[PDB]
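Below you'll find the structure, written out as structure tokens, and then a few comments.
Each reported figure results from applying straightforward, stated rules to the coordinates on display, with no laboratory input. Every residue, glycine as well, gets a Cβ built from its backbone with ideal geometry; the counts of neighbours run over all protein chains shown.
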Amino acid sequence: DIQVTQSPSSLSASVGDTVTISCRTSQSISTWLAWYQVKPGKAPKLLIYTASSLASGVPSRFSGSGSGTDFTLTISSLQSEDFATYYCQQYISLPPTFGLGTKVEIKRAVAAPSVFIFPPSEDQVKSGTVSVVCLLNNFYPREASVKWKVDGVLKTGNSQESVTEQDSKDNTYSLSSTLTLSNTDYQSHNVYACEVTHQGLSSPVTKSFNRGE
Amino acid sequence: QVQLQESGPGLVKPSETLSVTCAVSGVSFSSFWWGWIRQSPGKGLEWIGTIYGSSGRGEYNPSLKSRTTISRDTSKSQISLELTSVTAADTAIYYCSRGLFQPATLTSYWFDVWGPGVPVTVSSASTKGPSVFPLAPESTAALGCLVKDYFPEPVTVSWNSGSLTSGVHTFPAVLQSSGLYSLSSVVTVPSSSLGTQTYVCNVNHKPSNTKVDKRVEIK
């Protein structure tokens, strides 16, 4: 199949900005490229086809260009309804194939996360499986590093992250990191900490607890 | 003018057949080409195939052709997709679309109208209600509830029977290696209100008909 590559994976913009996103194909597709807009849980919408032709009903602030292997979508004077994920798609040959998308998000001032750590409850310990949860609350931008340290040593594996969409009120993100351990494993160490690095923090911030304290 | 609406089973067991349907309205069914596209969680969009309303002949993605049947129900102006021998990897949102093509030799398809999509989960997990555990510990404090080991999605979480809404974040559910889902809901509150005010998370899992109310306090 033809490989279709979009960049960047995400970008932040403000209403009134001009934004451009790019599409690159693994072989020439002439001018057979389409662009789509997708909002969460909604029907995708065709924006552009034949690389530069506007679809019916689509605002003229959308435009497309390019040929061969390099293409761009441009949004002049971005409006609030334009924050969404954008996909490009080739259709010179079968099967038509899509890029992995570019998310256009709302720019705002940098905000450091408020960090919280939660020890497992006694009722969780009795179940034989425990989750240690680290919360990063109301931060921007999205990029953040969360490290688990157990008795001072980096713990890898056994953790999973979950992130909110941008908050409707303040455009920030929140994130959870959950470390899942057998109780046998949990009881074998004393100090649990999550260490957070983020653009809004000159130094990483660590929250910790001592098991059973 | 064209309106597309998908419908489907919601949950399919592995090795069974996934079946979804699309009602086409507003335009002539026989005059256009209709097909299916899906998007798996974390993956990109994948075209499945597209058939002509008039003849039922069409083209299929080589990756999926061996498991795929796309057919028409003309009495209802519907197209259907049958996907056989499914596995967990077939979990996806399934979209109905109109496929267009143009003289270039012809182009392949671009898609000028899409349905809203129908989510389908493929899993051998049985229905199970969640265990709920309190998350408990500066001006502000965070409190929360861990809702874990449930199936299927979704669970709803409220705080203080809906009387606490500001500062609440409920995270997306994650699928564990066990086949069960887990999520947390958290809220930020004044440090000074702790100990003199009670915080309760109300969890509802309608597929299992379970409601849990968990008091979250400092141990």
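Among DSSP beta bridges lying fully in chain B, give the percent that are antiparallel, nearest 5.
Details: 75 of 78 bridges.
The antiparallel proportion sits near 95 percent.
Using only Cα atoms, locate the centre of the range B:123-187 and the centre of the range A:39-112, then give the distance between them in Å, rounded to an integer.
Cα centroid to Cα centroid, the span is 34 Å.
Could you calculate the contour length gain from B:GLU153 to B:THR165, that is, 0.36 nm times the residue separation minus the distance between their Cα atoms, to one decimal place in nm? Numbers along the way, then the final one.
Numbers: separation 12, 0.36 × 12 = 4.32 nm, distance 2.18 nm.
Separation in residues times 0.36 nm, less the Cα-Cα distance, equals 2.1 nm.
Near A:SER182, within a Cβ-to-Cβ distance under 15 Å, what is the net charge of the other residues, with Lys and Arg +1 and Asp and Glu -1? Let's see the in-between values first.
On the way: positive: A:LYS126, A:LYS155, A:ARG211, B:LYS148; negative: A:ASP185, B:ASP149.
Local charge sum for A:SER182: +2.
What list of ³J(HN,Hα) values in whole Hz, one per residue of the range B:59-67 in order, does the Karplus curve 6.51 cos²θ - 1.76 cosθ + 1.60 (θ = phi - 60°) give from phi, with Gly and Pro shown as x?
Along the range B:59-67, the couplings run 10, 10, 5, x, 5, 10, 4, 5, 10 Hz.
Run the paramagnetic zone check for A:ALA13: 7 angstrom along Cα to Cβ, then residues of the range A:86-103 with backbone nitrogen under 13 Å.
A:86-87, A:102-103
Relative contact order for the range A:1-107: what percent, with Cα pairs under 8 Å and sequence separation of 6 or more? Spell out each step's value before the answer.
Details: 271 pairs, mean separation 40.8, N = 107.
About 38 percent, as a whole number.
I need the calculated FRET efficiency for the pair A:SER188 and B:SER25, taking r as the beta carbon distance and R₀ as 56 Å, to the nearest 0.05.
On the way: r = 62 Å, r/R0 = 1.11.
Computed FRET efficiency for A:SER188 and B:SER25 comes out at 0.35.
Is there a pair in A:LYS147/B:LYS211; A:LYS39/A:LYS107; A:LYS39/B:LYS128; A:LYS103/A:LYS149 whose C-alpha atoms are over 26 Å apart, and which pairs would that be? Show your work: numbers first, answer last.
On the way: A:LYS147/B:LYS211 34 Å; A:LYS39/A:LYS107 17 Å; A:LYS39/B:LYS128 31 Å; A:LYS103/A:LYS149 32 Å.
Over 26 Å apart, Cα to Cα: A:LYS147/B:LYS211; A:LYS39/B:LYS128; A:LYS103/A:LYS149.
For every other residue with a beta carbon closer than 12 angstrom to the beta carbon of A:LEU78, add +1 if it is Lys or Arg and -1 if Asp or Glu, then tell me the sum.
Details: positive: A:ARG61, A:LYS107; negative: A:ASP17, A:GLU81, A:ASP82, A:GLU105.
Surrounding charge for A:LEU78 is -2.
Efficiency by 1/(1 + (r/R0)^6): what FRET value for A:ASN210 and A:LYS169, r their Cβ-Cβ distance, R0 = 30 Å, to the nearest 0.05? It would help to have the intermediate numbers written out before the result.
Values: r = 36 Å, r/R0 = 1.19.
That pair, A:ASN210 with A:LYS169, gives E of 0.25.
How large is the helix-only mean residue ellipticity at 222 nm for chain A, computed as the sum of -39500 (n - 2.57) over DSSP H runs with n ≥ 4, divided by its residue count, in deg cm²/dmol to the nearest 500?
-1000 deg cm²/dmol
Would you mind telling me the antiparallel percentage of the DSSP bridges in the range B:125-217, rounded to 5? Kindly include the intermediate steps, with their values, before the conclusion.
On the way: 33 of 34 bridges.
The answer is about 95 percent antiparallel.
Which net charge results when you count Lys and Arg as +1 and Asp and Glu as -1 among the other residues whose beta-carbon is under 13 Å from that of B:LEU175? Could you put the intermediate results ahead of the total?
Values: positive: B:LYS148; negative: B:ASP149, B:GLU153.
Residues close to B:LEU175 contribute a combined charge of -1.
So the label point goes 7 Å from the Cα of B:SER193 along Cα→C-beta, right? Which residues of the range A:128-154 then have their backbone N under 18 Å from it?
A:137-138
With Rg and the Kirkwood Rh both taken from Cα atoms, where does Rg over Rh land for the protein assembly as shown?
Working: Rg = 24.4 Å, Rh = 24.1 Å.
Expressed as Rg/Rh, it is 1.01.
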